[PDB]
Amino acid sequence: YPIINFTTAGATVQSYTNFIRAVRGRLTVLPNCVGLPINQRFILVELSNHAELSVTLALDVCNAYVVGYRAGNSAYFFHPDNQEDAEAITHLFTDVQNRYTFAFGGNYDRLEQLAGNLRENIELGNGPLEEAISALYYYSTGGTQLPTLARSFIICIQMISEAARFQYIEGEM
């Protein structure tokens, strides 16, 4: 799958905008993914911060949304909404040692609920993304609690998936 790199380290409006344009350019926004081969069904987005920590998000080309991610030797996947997606995601991060599928989905309503106690007033920006990348990475070694993970997913989804999605839709008027 195509790999799209972005770092928060020395990030500008231009570097971030080019990043989102790149993602948007790989989308084929369709109400549902079906007539699409699994060899081009996903976009991989490698995120890294100032701490040099790096995670790779798996984005569905049909809707731009995060279906799962990789952090070093571990891969995490949101509960697939159906059998097609259940086996589609098995083609992601195939060389990773540890694989886990959450029982919950990656939709906003679920994530908001899971962040519950914590995340009000979720601030977006380079700073938050930077911290979100670390949260994603440390989840794999027990350093990140579920509510923090949920908040971190929201940050990534709003700054990446939702940004690309919005630009695609304004792109087609």
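Quick note: we count residues from 1 along the sequence shown, nothing fancier.
Higher average CA B factor: 10-18, of the stretches 158-166 and 10-18. Just going by the entry, 146-154 versus 21-29 on mean CA temperature factor gives the higher value to 21-29.
Based on the entry's C-alpha B-factors, the most elevated value among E120, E52, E46, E112 belongs to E120. Among all modelled residues in this chain, the alpha-carbon of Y139 has a temperature factor (C-alpha) in the middle third. The deposited CA B-factor of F77 belongs to the lowest third of values across its chain. Per the deposited record, the Cα B-factor of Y100 falls in the middle third when ranked against the other modelled residues of its chain. Sort the modelled residues of the chain by CA B factor and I133 lands in the lowest third. In this PDB entry, the Cα temperature factor of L124 sits in the top third of its chain's modelled residues, the highest group.
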